[PDB]
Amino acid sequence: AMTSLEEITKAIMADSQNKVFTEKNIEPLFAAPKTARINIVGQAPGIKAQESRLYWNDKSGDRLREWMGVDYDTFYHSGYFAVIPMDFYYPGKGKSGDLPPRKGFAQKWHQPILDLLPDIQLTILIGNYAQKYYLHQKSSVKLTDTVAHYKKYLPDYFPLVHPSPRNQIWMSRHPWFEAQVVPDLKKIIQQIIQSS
C-alpha cells in the first residue's frame, strides 16, 4: 500500500488537496534518505525551494548549519539529515511572507514517511507549526517558553526558533539561546553523527 517513498509520493500527488500543484508539474518536496538520523521539521518550502528541490539552501540554512555544528557538505551529502516540513508545498504569497502550512497535511503523510526512517534519533522542531503538532500543544502555548525548557522534550525532540534575520532581535533579548541551548544542540548532534 503506502510502503515505499515512491508510493507515498504518488498518493500525495493524487490527493485532490494538491490538484493545483500536480497540474503544474509541482511534486511534494521532502528529504527522507533511509540513512537519516536527524529529522528537521520546519514550516514549508517557499517559491525558491519549490524550484530548487532543496531545503535550507539559503542564509537561514547557513545559520542553522552553524547552530547545528555541521558544514554544508555534511548537511546535504552525509545522508544523516531528513527534512520533513509541515507542508511539502509552497502555500502561496501572504502579506509579510508565505501563507501558513495547510491544516491537516502532516496528519496525512508524515507518519508513513517516518515509518521508512528507522535510524532517526532526534527530531528538530523549528517554529510554532512544527512544535504545536509534534509536542501536541494548544496554539496558546508560547514558543519562547517551549525553547527555554527544551530538555523537557529530549531525547526525541529539540525545539528551536527559526534562524531568520527577523529573529536577530529576539536572540539579542534572549542570549541564553545562543549561550546554552545552541551549544547543547551541537553536542547532541555530534553524538548522533558519531553513533553506531
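Heads up: residue numbers just count along the shown sequence, starting at 1.
Visitor: Would you tell me which stretch averages the higher CA B-factor in the PDB entry, 115-123 or 88-96?
Guide: 88-96 has the higher mean C-alpha B-factor.
Visitor: Do the C-alpha atoms of 161-169 or of 30-38 have the higher average B factor in the entry?
Guide: For C-alpha atoms only, the mean B-factor is higher in 161-169.
Visitor: Considering only modelled residues of the same chain, in which third does the CA B-factor of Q137 rank: lowest, middle or highest?
Guide: Lowest third - that is where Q137 ends up once the chain's C-alpha B-factors are sorted.
Visitor: What third of the chain, by the recorded C-alpha B-factor, contains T146?
Guide: Lowest third, going by the recorded CA B-factors of the chain.
Visitor: Ranked by Cα temperature factor within the chain, is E23 in the lowest third, the middle third or the highest third?
Guide: According to the entry, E23 has a C-alpha B-factor in the chain's highest third.
Visitor: Comparing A44 with the other modelled residues of its chain, is its CA B-factor in the lowest, middle or highest third?
Guide: CA B-factor rank for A44: lowest third.
Visitor: Sorting by Cα B-factor within the chain, modelled residues only, which third would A130 end up in: lowest, middle or highest?
Guide: According to the entry, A130 has a C-alpha B-factor in the chain's lowest third.
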